[PDB]
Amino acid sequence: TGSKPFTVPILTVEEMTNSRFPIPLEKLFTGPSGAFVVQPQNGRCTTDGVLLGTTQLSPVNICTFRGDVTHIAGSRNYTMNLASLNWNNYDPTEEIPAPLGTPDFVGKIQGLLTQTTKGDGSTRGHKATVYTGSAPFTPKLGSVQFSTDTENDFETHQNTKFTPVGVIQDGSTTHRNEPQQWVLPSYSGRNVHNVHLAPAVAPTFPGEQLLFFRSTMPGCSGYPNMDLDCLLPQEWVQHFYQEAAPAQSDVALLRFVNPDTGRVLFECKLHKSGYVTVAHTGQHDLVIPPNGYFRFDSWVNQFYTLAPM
(Lines of atoms letter the chains of each structure in order from A and count residues from 1; the text may use other names and numbers.)
(Lines give C-alpha, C1' and ligand atoms only; values in the text may rest on other atoms or scores of the structure.)
Protein backbone atom coordinates (compact mmCIF):
# COMPACT_ATOMS: atom_id res chain seq x y z
CA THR A 1 0.00 0.00 0.00
CA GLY A 2 1.19 3.49 -0.88
CA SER A 3 4.09 2.61 -3.16
CA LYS A 4 5.10 5.13 -5.79
CA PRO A 5 3.78 3.67 -9.06
CA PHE A 6 6.41 1.94 -11.15
CA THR A 7 6.87 2.81 -14.81
CA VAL A 8 9.27 2.37 -17.70
CA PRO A 9 10.01 5.05 -20.32
CA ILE A 10 7.75 5.26 -23.36
CA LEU A 11 10.75 5.83 -25.64
CA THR A 12 10.90 3.27 -28.43
CA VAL A 13 13.87 0.91 -28.78
CA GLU A 14 15.39 2.98 -31.58
CA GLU A 15 14.95 6.15 -29.49
CA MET A 16 17.18 4.69 -26.75
CA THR A 17 20.87 4.15 -26.06
CA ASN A 18 23.01 1.10 -25.35
CA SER A 19 24.16 1.18 -21.72
CA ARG A 20 27.43 -0.64 -22.49
CA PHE A 21 28.78 1.57 -25.31
CA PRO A 22 27.75 5.05 -26.55
CA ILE A 23 25.69 3.99 -29.55
CA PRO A 24 21.95 3.78 -30.26
CA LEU A 25 19.97 0.64 -29.67
CA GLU A 26 19.00 -1.11 -32.90
CA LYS A 27 16.90 -4.10 -31.95
CA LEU A 28 15.76 -6.60 -29.38
CA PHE A 29 17.37 -10.03 -29.41
CA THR A 30 16.74 -13.22 -27.44
CA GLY A 31 18.84 -16.37 -27.33
CA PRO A 32 19.91 -19.15 -24.98
CA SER A 33 22.69 -18.11 -22.60
CA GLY A 34 23.80 -21.34 -20.95
CA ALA A 35 27.08 -21.17 -22.89
CA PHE A 36 28.19 -17.93 -21.28
CA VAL A 37 27.96 -16.02 -18.01
CA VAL A 38 25.89 -12.89 -18.45
CA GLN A 39 27.48 -10.50 -15.98
CA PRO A 40 27.87 -7.11 -17.61
CA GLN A 41 28.76 -4.26 -15.23
CA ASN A 42 27.46 -1.33 -17.21
CA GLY A 43 23.74 -0.99 -17.72
CA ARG A 44 23.01 -2.48 -14.29
CA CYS A 45 20.34 -0.92 -12.09
CA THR A 46 17.51 -2.25 -9.96
CA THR A 47 13.96 -1.22 -10.81
CA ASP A 48 13.91 0.90 -7.63
CA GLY A 49 16.94 2.86 -8.84
CA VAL A 50 20.01 1.34 -7.22
CA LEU A 51 22.97 1.50 -9.57
CA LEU A 52 25.05 -1.67 -9.67
CA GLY A 53 28.48 -2.68 -10.87
CA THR A 54 30.27 0.11 -12.73
CA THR A 55 27.02 1.72 -13.82
CA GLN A 56 26.73 5.49 -13.94
CA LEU A 57 24.16 7.84 -15.45
CA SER A 58 25.81 9.43 -18.49
CA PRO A 59 25.29 7.79 -21.89
CA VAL A 60 28.47 9.51 -23.07
CA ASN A 61 30.72 8.64 -20.13
CA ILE A 62 30.79 4.93 -21.01
CA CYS A 63 34.07 3.39 -22.21
CA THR A 64 35.70 6.81 -21.85
CA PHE A 65 38.85 7.50 -19.83
CA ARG A 66 40.39 10.69 -18.46
CA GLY A 67 43.71 11.46 -16.85
CA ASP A 68 47.24 12.24 -17.85
CA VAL A 69 49.68 10.17 -19.84
CA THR A 70 53.24 8.96 -19.82
CA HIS A 71 55.00 7.71 -22.92
CA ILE A 72 56.55 4.25 -22.86
CA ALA A 73 59.94 4.57 -24.55
CA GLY A 74 60.53 2.55 -27.72
CA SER A 75 56.85 2.34 -28.60
CA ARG A 76 53.69 4.25 -29.43
CA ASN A 77 52.14 3.27 -26.12
CA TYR A 78 51.09 5.63 -23.36
CA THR A 79 50.10 4.80 -19.81
CA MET A 80 47.16 6.84 -18.56
CA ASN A 81 46.98 7.55 -14.87
CA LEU A 82 43.23 7.86 -14.38
CA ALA A 83 41.32 10.84 -13.05
CA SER A 84 37.59 11.13 -12.30
CA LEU A 85 34.97 12.67 -14.67
CA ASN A 86 35.49 16.17 -13.26
CA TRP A 87 39.25 15.68 -13.54
CA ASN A 88 39.78 15.01 -9.81
CA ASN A 89 41.91 12.32 -8.20
CA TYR A 90 40.73 8.77 -8.77
CA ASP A 91 40.00 6.82 -5.56
CA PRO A 92 40.89 3.12 -5.91
CA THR A 93 39.30 2.18 -2.55
CA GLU A 94 35.72 3.07 -3.45
CA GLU A 95 33.61 -0.09 -3.27
CA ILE A 96 33.08 -0.48 -6.99
CA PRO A 97 34.72 -2.88 -9.46
CA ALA A 98 36.51 -0.13 -11.39
CA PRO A 99 35.77 3.49 -12.22
CA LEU A 100 32.12 3.89 -13.23
CA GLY A 101 31.80 3.60 -17.00
CA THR A 102 34.88 1.36 -17.39
CA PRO A 103 34.51 -1.09 -20.29
CA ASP A 104 32.90 -4.34 -19.11
CA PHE A 105 34.06 -6.64 -21.90
CA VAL A 106 37.32 -8.01 -23.25
CA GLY A 107 38.13 -6.38 -26.54
CA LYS A 108 40.22 -3.86 -28.37
CA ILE A 109 38.41 -0.54 -28.26
CA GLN A 110 39.63 2.09 -30.73
CA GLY A 111 38.89 5.81 -30.57
CA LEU A 112 40.72 9.12 -30.24
CA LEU A 113 43.03 10.14 -27.44
CA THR A 114 42.88 13.95 -27.14
CA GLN A 115 44.74 16.45 -24.97
CA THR A 116 44.84 20.13 -24.06
CA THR A 117 47.87 21.98 -22.73
CA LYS A 118 46.61 24.18 -19.90
CA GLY A 119 49.06 27.04 -20.43
CA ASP A 120 48.18 28.01 -24.02
CA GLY A 121 45.15 25.91 -24.94
CA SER A 122 47.04 24.02 -27.62
CA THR A 123 45.41 20.69 -28.44
CA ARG A 124 46.17 17.40 -30.13
CA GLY A 125 44.44 14.17 -31.06
CA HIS A 126 45.59 10.73 -32.09
CA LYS A 127 43.98 7.43 -32.98
CA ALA A 128 44.30 5.11 -30.00
CA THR A 129 43.29 1.62 -28.88
CA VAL A 130 42.87 0.12 -25.43
CA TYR A 131 43.25 -3.65 -25.10
CA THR A 132 40.96 -4.47 -22.20
CA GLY A 133 42.12 -8.11 -21.99
CA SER A 134 45.80 -7.14 -21.70
CA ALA A 135 48.04 -7.14 -18.63
CA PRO A 136 48.35 -3.33 -18.49
CA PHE A 137 44.56 -2.91 -18.33
CA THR A 138 44.28 -2.09 -14.61
CA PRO A 139 41.58 0.61 -14.33
CA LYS A 140 40.72 -0.39 -10.75
CA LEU A 141 44.34 0.33 -9.84
CA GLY A 142 44.12 3.68 -11.65
CA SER A 143 46.14 2.84 -14.76
CA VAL A 144 45.42 1.76 -18.37
CA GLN A 145 47.53 1.64 -21.52
CA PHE A 146 46.74 3.03 -24.96
CA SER A 147 48.47 2.15 -28.20
CA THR A 148 48.53 5.25 -30.41
CA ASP A 149 49.80 6.56 -33.74
CA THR A 150 52.48 8.72 -32.08
CA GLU A 151 55.70 8.39 -30.07
CA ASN A 152 56.20 12.05 -29.13
CA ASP A 153 53.19 14.36 -29.49
CA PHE A 154 51.45 13.84 -26.14
CA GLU A 155 52.69 15.93 -23.25
CA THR A 156 53.02 14.86 -19.64
CA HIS A 157 50.88 16.21 -16.80
CA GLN A 158 48.16 17.56 -19.08
CA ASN A 159 44.50 16.54 -19.10
CA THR A 160 43.91 13.81 -21.66
CA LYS A 161 40.65 12.11 -22.72
CA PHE A 162 39.90 8.89 -24.56
CA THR A 163 36.69 8.88 -26.57
CA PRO A 164 35.65 5.41 -27.77
CA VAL A 165 34.42 4.81 -31.31
CA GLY A 166 34.46 1.10 -32.03
CA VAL A 167 36.34 -2.18 -31.89
CA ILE A 168 39.06 -4.02 -33.78
CA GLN A 169 40.21 -7.56 -34.32
CA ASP A 170 43.50 -9.23 -35.28
CA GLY A 171 42.89 -10.08 -38.92
CA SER A 172 45.43 -12.91 -38.94
CA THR A 173 43.23 -14.87 -36.51
CA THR A 174 39.77 -16.44 -36.71
CA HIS A 175 37.17 -13.92 -37.77
CA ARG A 176 34.81 -12.51 -35.11
CA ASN A 177 36.84 -14.10 -32.30
CA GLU A 178 36.89 -10.78 -30.44
CA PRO A 179 35.57 -8.72 -28.78
CA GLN A 180 34.15 -11.21 -26.28
CA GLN A 181 31.22 -9.25 -24.91
CA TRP A 182 30.46 -11.68 -22.07
CA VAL A 183 34.03 -11.91 -20.79
CA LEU A 184 34.74 -9.42 -18.02
CA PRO A 185 38.14 -7.73 -17.95
CA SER A 186 40.32 -8.30 -14.90
CA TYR A 187 39.96 -4.76 -13.59
CA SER A 188 43.06 -4.98 -11.38
CA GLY A 189 45.10 -7.01 -13.85
CA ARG A 190 46.15 -10.59 -14.48
CA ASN A 191 44.93 -13.12 -11.88
CA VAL A 192 43.49 -10.52 -9.53
CA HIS A 193 39.85 -11.18 -8.68
CA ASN A 194 37.23 -8.57 -9.47
CA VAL A 195 35.26 -7.04 -6.59
CA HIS A 196 31.85 -5.48 -5.92
CA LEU A 197 30.37 -6.93 -9.12
CA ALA A 198 26.77 -6.78 -10.19
CA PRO A 199 25.67 -10.43 -10.17
CA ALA A 200 25.37 -12.74 -13.15
CA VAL A 201 21.81 -13.15 -14.47
CA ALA A 202 20.02 -16.04 -16.09
CA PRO A 203 16.43 -17.07 -16.75
CA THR A 204 15.05 -19.54 -14.14
CA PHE A 205 11.63 -20.36 -15.55
CA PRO A 206 11.35 -23.25 -18.06
CA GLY A 207 11.11 -21.98 -21.60
CA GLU A 208 12.44 -18.50 -20.76
CA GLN A 209 15.42 -16.64 -22.16
CA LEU A 210 17.00 -13.27 -21.48
CA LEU A 211 15.77 -10.41 -23.65
CA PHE A 212 18.69 -8.24 -24.80
CA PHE A 213 18.80 -4.67 -26.04
CA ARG A 214 21.20 -4.97 -28.95
CA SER A 215 23.48 -2.64 -30.92
CA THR A 216 26.25 -3.10 -33.48
CA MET A 217 29.51 -1.47 -32.47
CA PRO A 218 31.47 0.23 -35.21
CA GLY A 219 34.37 -1.85 -36.48
CA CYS A 220 37.69 -0.02 -36.99
CA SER A 221 40.06 -2.73 -38.27
CA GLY A 222 40.00 -6.45 -39.01
CA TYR A 223 37.01 -8.73 -38.54
CA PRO A 224 35.46 -7.96 -35.17
CA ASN A 225 32.34 -9.37 -33.55
CA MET A 226 30.39 -6.14 -33.36
CA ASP A 227 27.34 -7.48 -31.48
CA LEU A 228 26.68 -5.77 -28.14
CA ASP A 229 23.81 -6.68 -25.84
CA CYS A 230 22.77 -4.71 -22.76
CA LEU A 231 20.25 -5.72 -20.11
CA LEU A 232 18.67 -2.26 -19.79
CA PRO A 233 18.70 0.79 -22.07
CA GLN A 234 20.66 3.69 -20.59
CA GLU A 235 17.44 5.70 -20.49
CA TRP A 236 15.90 2.99 -18.29
CA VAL A 237 18.86 3.26 -15.92
CA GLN A 238 18.31 7.06 -15.78
CA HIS A 239 14.55 6.59 -15.32
CA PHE A 240 14.69 4.09 -12.45
CA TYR A 241 17.47 6.06 -10.76
CA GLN A 242 15.25 9.14 -10.67
CA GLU A 243 11.89 7.50 -10.03
CA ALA A 244 13.07 5.11 -7.33
CA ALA A 245 9.67 3.43 -7.30
CA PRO A 246 9.67 0.52 -4.80
CA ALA A 247 9.59 -2.99 -6.23
CA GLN A 248 6.33 -4.49 -4.97
CA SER A 249 7.44 -7.99 -5.97
CA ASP A 250 10.29 -9.80 -7.71
CA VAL A 251 8.92 -9.18 -11.22
CA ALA A 252 7.33 -6.29 -13.12
CA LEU A 253 5.19 -7.64 -15.96
CA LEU A 254 5.67 -5.49 -19.07
CA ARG A 255 3.66 -5.57 -22.26
CA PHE A 256 5.21 -4.52 -25.55
CA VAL A 257 2.47 -2.64 -27.35
CA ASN A 258 1.99 -1.48 -30.93
CA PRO A 259 0.13 1.84 -30.82
CA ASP A 260 -0.40 1.59 -34.61
CA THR A 261 -2.79 -1.37 -34.21
CA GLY A 262 -3.56 -1.26 -30.49
CA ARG A 263 -2.42 -4.86 -29.99
CA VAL A 264 0.11 -6.31 -27.56
CA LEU A 265 2.99 -8.03 -29.38
CA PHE A 266 4.40 -9.91 -26.40
CA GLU A 267 4.83 -9.73 -22.66
CA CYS A 268 8.02 -10.04 -20.66
CA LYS A 269 9.34 -10.09 -17.12
CA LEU A 270 11.35 -7.14 -15.83
CA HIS A 271 13.06 -8.65 -12.81
CA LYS A 272 13.48 -6.17 -9.96
CA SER A 273 17.27 -6.63 -10.00
CA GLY A 274 17.30 -5.12 -13.52
CA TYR A 275 16.98 -7.55 -16.42
CA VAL A 276 14.33 -8.88 -18.75
CA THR A 277 13.18 -12.37 -19.73
CA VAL A 278 10.74 -13.67 -22.35
CA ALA A 279 9.16 -17.03 -23.12
CA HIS A 280 11.04 -18.24 -26.19
CA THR A 281 13.41 -21.03 -27.16
CA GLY A 282 16.06 -20.30 -29.76
CA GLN A 283 18.01 -17.39 -31.18
CA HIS A 284 15.68 -14.71 -32.52
CA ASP A 285 15.99 -11.14 -33.73
CA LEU A 286 12.69 -9.64 -32.67
CA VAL A 287 10.83 -7.82 -35.38
CA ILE A 288 9.05 -4.82 -33.87
CA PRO A 289 7.15 -1.81 -35.23
CA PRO A 290 9.14 1.45 -34.98
CA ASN A 291 6.50 2.96 -32.64
CA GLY A 292 6.27 -0.05 -30.36
CA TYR A 293 7.03 0.47 -26.69
CA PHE A 294 7.10 -1.23 -23.31
CA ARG A 295 4.39 -0.53 -20.78
CA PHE A 296 4.30 -1.68 -17.16
CA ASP A 297 1.09 -3.54 -16.38
CA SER A 298 1.39 -5.26 -12.97
CA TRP A 299 3.62 -6.70 -10.27
CA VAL A 300 3.81 -10.52 -10.52
CA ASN A 301 6.46 -12.96 -9.22
CA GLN A 302 9.10 -15.38 -10.47
CA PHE A 303 6.40 -18.10 -10.51
CA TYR A 304 4.42 -16.20 -13.20
CA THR A 305 4.07 -18.01 -16.53
CA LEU A 306 4.48 -15.75 -19.58
CA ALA A 307 2.49 -16.08 -22.75
CA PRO A 308 4.89 -17.44 -25.41
CA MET A 309 6.69 -14.62 -27.21
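Sequential numbering from 1, following the sequence displayed.
J.: Mean Cα B factor from the PDB record: higher for 282-290, or higher for 16-24?
T.: Per the PDB record, 282-290.
J.: Mean C-alpha B-factor higher for 79-87, or for 230-238?
T.: Per the PDB entry, the higher value belongs to 79-87.
J.: Which listed residue, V183, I72, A198, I168, has the largest C-alpha temperature factor in the record?
T.: Among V183, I72, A198, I168, the highest C-alpha B-factor in the entry belongs to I72.
J.: Between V251, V60, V276, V50, let me know which has the highest C-alpha B-factor in the entry?
T.: If I rank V251, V60, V276, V50 by C-alpha B-factor, first place goes to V251.
J.: Splitting the chain's C-alpha B-factors into thirds, which one does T132 fall into?
T.: Middle third of the chain for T132's C-alpha B-factor.
J.: Split the chain's modelled residues into thirds by Cα B-factor; is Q41 in the lowest, middle or highest one?
T.: It falls in the bottom third of the chain.
J.: Should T138 be placed in the lowest, middle or highest third of its chain by the C-alpha B factor in the entry?
T.: Middle third.
J.: Considering only modelled residues of the same chain, in which third does the CA B-factor of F154 rank: lowest, middle or highest?
T.: It belongs to the middle third of the chain when residues are ordered by C-alpha B-factor.
J.: Going by the CA temperature factor in the PDB record, which third of the chain does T64 belong to: lowest, middle or highest?
T.: It belongs to the lowest third of the chain when residues are ordered by C-alpha B-factor.
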